[PDB]
């Protein structure tokens, strides 16, 4: 059988592994912290000034559709750092194995029903460093590049440096009783 995160609807947590053996509570969280150079993902300066331009981040976390607080200033992002968390009932070994087997988290920058770009954040990398969950939280954090869904990326003017659209993301796994700190 495949390891699956099974929503327990009444209680508001996901069971991973057999419920009689995997009984500890964990929190898995995603924080979108800041962004820069997002204007490269919009082909026209004119769309930046339309007020229908309202942008947000989307991702699926263990099957949960998550959207962030909409913001308007793409050139100078104004959104607040925002965390989404899910509760998991599991065991340390089974949850670490489950996470090591998950595909990367794909975080999208959206406008309306359009994805302007996405970036991959490895949950398996987080599992790989989740080696002291009895005592410490484990966190992968960095500046992740947002890639447009186009075949060809055009850059005008072409410079020696290449500042790309970037999203600061932190993904954290911890025992529920272990403070993020």
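Numbering follows the first chain given and starts at 1.
Between 45-53 and 138-146, it is 45-53 that carries the larger average Cα temperature factor according to the deposited entry. The mean C-alpha temperature factor is higher for 158-166 when 158-166 and 21-29 are set side by side. Per the deposited coordinates, the residue with the largest Cα temperature factor out of 83, 108, 72, 87 is 72. In the deposited coordinates, the residue among 130, 118, 122, 113 with the greatest CA B-factor is 113. When all modelled residues of the chain are sorted by CA temperature factor, residue 35 is found within the lowest third. The PDB entry assigns residue 15 a C-alpha temperature factor belonging to the middle third of its chain's modelled residues. Ranked within its chain, residue 66 lands in the lowest third, by CA B factor from the PDB record.
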